[PDB]
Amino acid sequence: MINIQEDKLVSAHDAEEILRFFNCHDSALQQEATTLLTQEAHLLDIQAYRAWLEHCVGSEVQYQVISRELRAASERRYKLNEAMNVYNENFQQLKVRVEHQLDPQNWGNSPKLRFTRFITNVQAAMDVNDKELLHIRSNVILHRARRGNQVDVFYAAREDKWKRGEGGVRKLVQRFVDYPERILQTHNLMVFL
(Lines of atoms letter the chains of each structure in order from A and count residues from 1; the text may use other names and numbers.)
(Lines give C-alpha, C1' and ligand atoms only; values in the text may rest on other atoms or scores of the structure.)
Protein backbone atom coordinates (compact mmCIF):
# COMPACT_ATOMS: atom_id res chain seq x y z
CA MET A 1 0.00 0.00 0.00
CA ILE A 2 1.11 3.65 0.00
CA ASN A 3 3.44 4.75 2.78
CA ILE A 4 2.73 8.49 2.77
CA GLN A 5 5.67 9.26 5.07
CA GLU A 6 8.02 7.87 2.40
CA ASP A 7 5.91 8.82 -0.66
CA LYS A 8 5.92 12.48 0.43
CA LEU A 9 3.92 13.91 -2.52
CA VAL A 10 0.89 11.71 -1.90
CA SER A 11 -2.14 13.07 -0.07
CA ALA A 12 -3.93 10.98 2.59
CA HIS A 13 -7.08 11.11 0.49
CA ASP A 14 -5.30 9.81 -2.61
CA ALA A 15 -3.66 6.98 -0.62
CA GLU A 16 -7.10 5.89 0.67
CA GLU A 17 -8.71 5.78 -2.75
CA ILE A 18 -5.96 3.70 -4.36
CA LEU A 19 -6.16 1.16 -1.52
CA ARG A 20 -9.80 0.55 -2.45
CA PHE A 21 -9.07 -0.39 -6.08
CA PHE A 22 -5.62 -2.01 -5.93
CA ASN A 23 -7.22 -4.96 -4.16
CA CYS A 24 -10.47 -6.00 -5.85
CA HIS A 25 -10.39 -5.76 -9.66
CA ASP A 26 -13.43 -7.99 -10.41
CA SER A 27 -14.14 -8.46 -14.12
CA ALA A 28 -17.96 -8.34 -13.96
CA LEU A 29 -17.75 -5.12 -11.94
CA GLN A 30 -15.36 -3.58 -14.46
CA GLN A 31 -17.71 -4.29 -17.35
CA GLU A 32 -20.72 -3.00 -15.42
CA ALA A 33 -18.73 0.16 -14.50
CA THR A 34 -17.59 0.71 -18.10
CA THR A 35 -21.13 0.32 -19.39
CA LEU A 36 -22.56 2.72 -16.83
CA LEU A 37 -19.97 5.44 -17.66
CA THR A 38 -20.17 5.02 -21.41
CA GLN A 39 -23.97 5.31 -21.42
CA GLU A 40 -23.95 8.24 -19.02
CA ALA A 41 -21.42 10.07 -21.26
CA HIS A 42 -23.48 9.32 -24.36
CA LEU A 43 -26.62 10.79 -22.82
CA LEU A 44 -24.74 13.91 -21.67
CA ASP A 45 -23.02 14.28 -25.07
CA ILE A 46 -26.31 14.40 -27.00
CA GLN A 47 -27.60 16.83 -24.41
CA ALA A 48 -30.35 14.49 -23.09
CA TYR A 49 -30.11 16.09 -19.65
CA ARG A 50 -33.65 15.10 -18.49
CA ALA A 51 -32.91 11.47 -19.38
CA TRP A 52 -29.54 11.77 -17.63
CA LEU A 53 -31.29 13.00 -14.49
CA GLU A 54 -33.95 10.27 -14.75
CA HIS A 55 -31.75 7.26 -15.60
CA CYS A 56 -28.25 7.97 -14.19
CA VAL A 57 -28.57 10.25 -11.18
CA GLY A 58 -29.81 9.17 -7.74
CA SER A 59 -32.18 11.34 -5.73
CA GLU A 60 -29.67 11.47 -2.87
CA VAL A 61 -26.87 12.65 -5.19
CA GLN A 62 -24.10 14.99 -4.12
CA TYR A 63 -22.56 16.32 -7.41
CA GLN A 64 -19.43 18.23 -6.43
CA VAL A 65 -16.58 19.88 -8.31
CA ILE A 66 -14.00 21.81 -6.28
CA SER A 67 -11.24 24.29 -7.06
CA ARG A 68 -8.43 24.09 -4.49
CA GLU A 69 -6.39 27.13 -3.49
CA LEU A 70 -2.69 26.78 -4.31
CA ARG A 71 -0.58 26.55 -1.15
CA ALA A 72 3.04 25.91 -0.25
CA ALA A 73 3.98 22.21 -0.21
CA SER A 74 5.48 22.88 3.24
CA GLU A 75 2.50 24.90 4.56
CA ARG A 76 1.46 23.88 8.08
CA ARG A 77 -0.03 26.96 9.79
CA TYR A 78 -2.49 28.65 7.35
CA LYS A 79 -5.74 26.69 7.63
CA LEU A 80 -8.56 28.82 6.23
CA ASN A 81 -10.96 27.30 3.70
CA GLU A 82 -8.88 25.33 1.24
CA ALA A 83 -11.34 24.99 -1.63
CA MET A 84 -14.46 26.49 -3.12
CA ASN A 85 -17.26 24.62 -4.75
CA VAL A 86 -17.61 25.07 -8.50
CA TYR A 87 -20.54 22.65 -8.15
CA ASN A 88 -21.96 21.22 -4.87
CA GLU A 89 -25.41 20.19 -6.01
CA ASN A 90 -28.31 18.13 -4.74
CA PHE A 91 -30.89 16.66 -7.08
CA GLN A 92 -33.06 19.76 -7.05
CA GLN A 93 -30.04 22.00 -7.75
CA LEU A 94 -29.24 19.77 -10.78
CA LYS A 95 -32.85 20.11 -11.91
CA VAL A 96 -32.57 23.91 -11.86
CA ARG A 97 -29.40 23.58 -14.01
CA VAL A 98 -31.18 21.22 -16.43
CA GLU A 99 -34.16 23.55 -16.74
CA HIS A 100 -31.75 26.43 -17.42
CA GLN A 101 -30.10 24.34 -20.20
CA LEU A 102 -33.40 23.46 -21.92
CA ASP A 103 -35.06 26.88 -21.67
CA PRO A 104 -35.55 28.34 -25.17
CA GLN A 105 -34.48 31.75 -23.85
CA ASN A 106 -31.08 30.35 -22.90
CA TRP A 107 -29.47 32.50 -25.63
CA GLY A 108 -26.02 30.92 -25.27
CA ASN A 109 -27.39 27.58 -26.54
CA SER A 110 -28.12 28.94 -30.00
CA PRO A 111 -26.50 27.65 -32.33
CA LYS A 112 -26.59 24.34 -30.50
CA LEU A 113 -23.43 23.36 -28.63
CA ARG A 114 -21.36 20.29 -29.53
CA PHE A 115 -20.08 17.94 -26.82
CA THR A 116 -17.78 14.91 -27.05
CA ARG A 117 -16.69 12.96 -23.96
CA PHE A 118 -13.76 10.55 -23.66
CA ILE A 119 -13.93 8.30 -20.59
CA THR A 120 -10.89 6.21 -19.65
CA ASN A 121 -9.07 4.42 -16.83
CA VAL A 122 -12.27 2.93 -15.31
CA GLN A 123 -11.83 1.24 -11.90
CA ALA A 124 -14.66 -0.33 -9.87
CA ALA A 125 -14.85 -1.66 -6.29
CA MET A 126 -17.77 -2.60 -4.06
CA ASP A 127 -18.02 -0.74 -0.75
CA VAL A 128 -17.17 -2.90 2.28
CA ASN A 129 -20.15 -1.87 4.42
CA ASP A 130 -22.86 -0.95 1.92
CA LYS A 131 -23.14 -3.92 -0.42
CA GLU A 132 -25.45 -2.01 -2.79
CA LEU A 133 -22.85 0.76 -3.19
CA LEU A 134 -20.26 0.67 -5.99
CA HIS A 135 -17.18 2.98 -6.03
CA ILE A 136 -16.24 3.90 -9.61
CA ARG A 137 -13.18 6.00 -10.53
CA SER A 138 -12.70 7.22 -14.11
CA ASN A 139 -10.94 10.00 -16.00
CA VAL A 140 -12.62 12.29 -18.53
CA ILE A 141 -11.59 14.57 -21.36
CA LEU A 142 -14.56 16.74 -22.33
CA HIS A 143 -14.51 18.70 -25.58
CA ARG A 144 -17.03 21.50 -25.98
CA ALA A 145 -17.27 23.39 -29.29
CA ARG A 146 -19.48 26.31 -30.22
CA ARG A 147 -20.03 29.34 -32.41
CA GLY A 148 -17.52 28.55 -35.08
CA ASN A 149 -14.17 28.74 -33.32
CA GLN A 150 -14.70 28.48 -29.55
CA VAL A 151 -13.16 25.19 -28.37
CA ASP A 152 -12.78 24.27 -24.68
CA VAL A 153 -11.26 21.01 -23.43
CA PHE A 154 -11.68 19.92 -19.84
CA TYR A 155 -9.61 17.21 -18.12
CA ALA A 156 -10.29 15.50 -14.76
CA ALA A 157 -10.35 12.47 -12.46
CA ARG A 158 -13.85 11.57 -11.18
CA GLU A 159 -14.42 9.76 -7.87
CA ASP A 160 -17.96 8.35 -8.03
CA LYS A 161 -20.32 6.28 -5.88
CA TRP A 162 -23.10 4.49 -7.77
CA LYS A 163 -26.02 2.76 -5.99
CA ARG A 164 -28.71 0.28 -6.97
CA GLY A 165 -32.06 2.05 -6.59
CA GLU A 166 -35.43 0.67 -7.64
CA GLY A 167 -35.60 -1.35 -10.83
CA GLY A 168 -32.12 -2.61 -9.99
CA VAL A 169 -30.76 0.41 -11.87
CA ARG A 170 -27.36 1.55 -10.59
CA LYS A 171 -27.51 5.38 -10.28
CA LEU A 172 -25.03 8.11 -9.43
CA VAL A 173 -25.15 9.04 -5.74
CA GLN A 174 -21.89 10.91 -5.40
CA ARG A 175 -19.49 12.50 -7.89
CA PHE A 176 -16.38 14.26 -6.59
CA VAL A 177 -13.90 16.13 -8.78
CA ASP A 178 -10.86 18.14 -7.65
CA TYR A 179 -10.50 20.22 -10.85
CA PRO A 180 -6.79 20.14 -11.82
CA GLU A 181 -6.33 23.63 -13.37
CA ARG A 182 -6.74 26.33 -10.70
CA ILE A 183 -7.44 29.15 -13.19
CA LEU A 184 -9.98 28.06 -15.83
CA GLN A 185 -9.02 28.78 -19.44
CA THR A 186 -12.30 27.52 -20.87
CA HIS A 187 -14.46 30.66 -20.37
CA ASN A 188 -16.53 28.84 -17.70
CA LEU A 189 -16.97 25.39 -16.14
CA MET A 190 -20.61 25.06 -17.28
CA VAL A 191 -20.39 21.47 -18.42
CA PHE A 192 -21.33 18.30 -16.58
CA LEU A 193 -18.12 16.43 -15.78
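Residue indices: 1-based, along the sequence shown. Between two forms, the rigid core is the largest collection of C-alphas that superpose within 1.5 Å.
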Subject >> Stretch farther from the shown model on average in 8 other deposited structures of this protein, with CA RMS computed after core superposition (159-167, 60-68) >> reply: 159-167
Original post:
Can you tell me which stretch has the higher mean Cα B-factor, 136-144 or 163-171?
Top reply: 163-171
Subject >> Of 174-182 and 19-27, the stretch whose C-alpha atoms average the higher B-factor in the entry >> reply: 19-27
Original post:
With respect to the C-alpha temperature factors reported in the PDB entry, which of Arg158, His42, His55, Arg68 ranks highest?
Top reply: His55
Subject >> Member of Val128, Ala51, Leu37, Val153 with the greatest C-alpha B factor (per the PDB record) >> reply: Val128
Subject >> For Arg117, the third of its chain into which the C-alpha B factor falls >> reply: lowest
**OP:** Would you mind ranking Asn90 by its C-alpha B-factor against the rest of the chain and naming the third, lowest, middle or highest?
**Re:** middle
Original post:
By its CA B factor, does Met190 count among the lowest, middle or highest third of the modelled residues in the chain?
Top reply: middle
